[PDB]
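Chains, contacts and geometry: an overview
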Amino acid sequence: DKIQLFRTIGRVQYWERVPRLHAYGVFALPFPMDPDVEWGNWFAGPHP
Amino acid sequence: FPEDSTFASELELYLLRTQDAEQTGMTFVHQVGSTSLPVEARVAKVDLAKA
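Residues numbered from 1 in each chain as written, not as in the entry; some residues may be left out. Chains lettered and ligands numbered in written order. Part of a larger assembly, values for the part shown. Heavy atoms only, no water.

Judging from the entry metadata, cryo-EM is the method by which this structure was determined, and 2.8 Å is the reported resolution.

Have a look at this one:
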């Protein structure tokens with residue numbers, strides 16, 4: 001056993017961003033996040 | 001003190017003094033995807049006196 005045939009190491013999915021209307025206008029303001037919320041599964045996954 | 005000469009019979013002193021606005025007002029805390037906020041209103045003032 002010297003050969004050690006082909007395997008896969010890792011896979012990456014890269015999506016796009018959430019689309020939005022150009023002409024309706026943006027308005028954003030930052031806010032502090034609630035510490036009593038498990039914010040991990042709200043941002044989990046590559047999907048838009 | 002040494003001596004001077006004016007050719008005039010009265011001497012008046014006018015002192016225009018100004019209290020300008022200090023450059024305080026550090027910077028607001030931002031995050032990269034949001035819009036800014038306006039800067040507060042300052043005050044400057046003048047004053048003048050006579051002797």
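So much for the structure itself; the text now carries on.
1. Overview of the side chain of B:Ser34
By secondary structure assignment, the location of B:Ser34 is in the loop between β1 (14-19) and β2 (45-50). The exposure class assigned to B:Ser34 is buried, which follows from its relative accessible area of 14%. In this structure the side chain of B:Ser34 is engaged in a polar contact, spanning 3.1 Å, whose partner is the backbone oxygen of B:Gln31. Every residue in contact with B:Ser34, bar those within four places of it in the chain, is listed here: A:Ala28, A:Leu29 and A:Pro30. (Helix = DSSP H or I, 4+ residues; strand = E, 2+ residues; numbered from the N terminus. Buried < 20%, exposed > 50% of the residue type's maximum accessible area, 1.4 Å probe, protein only. Polar contact = N/O pair within 3.5 Å; in protein donor to acceptor, adjacent residues only side chain to side chain. Contact = heavy atoms within 4.5 Å.)

2. Points about the layout of surface pockets
Residue and element names in this part refer to chain B. Estimates place the volume of the largest pocket at around 440 Å³. Taken together, 17 residues line the largest pocket, and the ones lying closest to its centre are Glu22, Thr24, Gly25, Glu40 and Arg42. Residues of the lining of the largest pocket, tallied by class, amount to 7 nonpolar, 5 polar and 5 charged. (1 Å grid on protein atoms, 1.4 Å probe; cavity = no way out; pocket = protein on both sides within 12 Å on 5 of 7 lines; lining within 4 Å. Points joined across faces, edges and corners; volume = space filled by probe spheres on them. Nonpolar A, V, L, I, M, F, W, Y, C, P; charged D, E, K, R; others polar.)

3. A closer look at unusual backbone geometry
Backbone geometry at A:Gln4 places phi at a positive 60°, although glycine is not the residue there. Positive phi, normally seen in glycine, also occurs at B:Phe7, with a value near 60°. The residue B:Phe7 is located in the segment before β1 in this model. Of the residues examined, B:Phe7 reaches a relative accessible area of 91% and is grouped as exposed.

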